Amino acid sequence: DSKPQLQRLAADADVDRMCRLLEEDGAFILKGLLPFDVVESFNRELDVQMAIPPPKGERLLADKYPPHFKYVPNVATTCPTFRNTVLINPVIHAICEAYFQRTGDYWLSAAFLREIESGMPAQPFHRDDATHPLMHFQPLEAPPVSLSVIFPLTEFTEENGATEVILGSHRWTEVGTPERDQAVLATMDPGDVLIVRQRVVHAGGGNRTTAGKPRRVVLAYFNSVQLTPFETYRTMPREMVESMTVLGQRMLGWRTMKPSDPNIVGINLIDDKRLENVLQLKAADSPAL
């Protein structure tokens, strides 16, 4: 349409151009980042997690929301294809390093599956600023501390509730009461990615299909290491941790990290030493790098 849509970029495109779209539009789509076999492998792992009956007692997030979204938390611990491939994608990390250049190091606050079955309503318009409420008071020119990375695991279509994004809404002082037609649809295929800047108003669309076709989305939040991870990966067995690369370990909170100056020491340390030395941590590319 004549109303500007989300720009689609090739997976190998220039990182400064991506960085420029984030500042101007607030979001953009990467086309064909993950190959078909990677997506399929991940989807089989996610199939398994959602065939498991939900556990006996407390469900911290699921108890506080009604229908409808199905939910698999912390996919990094149960889905090797996320942990070993998707999580360390070179393009996602090129974007993050540019985006967080003023903030310093970043890590994974959470990654989880959202599944929206046929005939479910939209999500409300919102910013991803509820988990760490202090973000509400961070001004626009402050270095960004959060990036939303949205992976479609099924196709996102007009009918099945493709993510709705109001472009340039990061420049808004207040969210207010925006109507649905102000947003554009992030229609995508599996293997694409939707990247959404801090402060950008958006919503899941809700599935207006009727013939049992669930929409699958894996949401990953990369935050400044200054912000506490929502999901803590500290109970992962040592064997699983050491099978990851250094970068993967850094994402899942197992290493000492470095916020920007004026923090000249770091963060997530003990006995005035790096966590990874105290634990004598090995990694899949320890000698390689």
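The first residue of the shown sequence is 1; numbering continues from there.
As the entry records it, the average C-alpha temperature factor is higher for 173-181, out of 127-135 and 173-181.
As recorded in the PDB entry, 211-219 is the stretch of 211-219 and 108-116 with the greater mean C-alpha temperature factor. Residues shown: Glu40, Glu231, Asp261, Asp63. Highest C-alpha temperature factor in the entry: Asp63. Of the candidates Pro80, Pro152, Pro143, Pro121, the deposited coordinates give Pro121 the top C-alpha B factor.
The deposited CA B-factor of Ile52 belongs to the highest third of values across its chain.
Sorting the modelled residues of the chain by their CA temperature factor places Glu242 in the middle third. Ranked within its chain, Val265 lands in the middle third, by CA B factor from the PDB record. In this PDB entry, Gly26 carries a Cα temperature factor that places it within the middle third of its chain's modelled residues.
Ranked against the other modelled residues of its chain, the C-alpha B-factor of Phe69 as given in the entry falls in the highest third.
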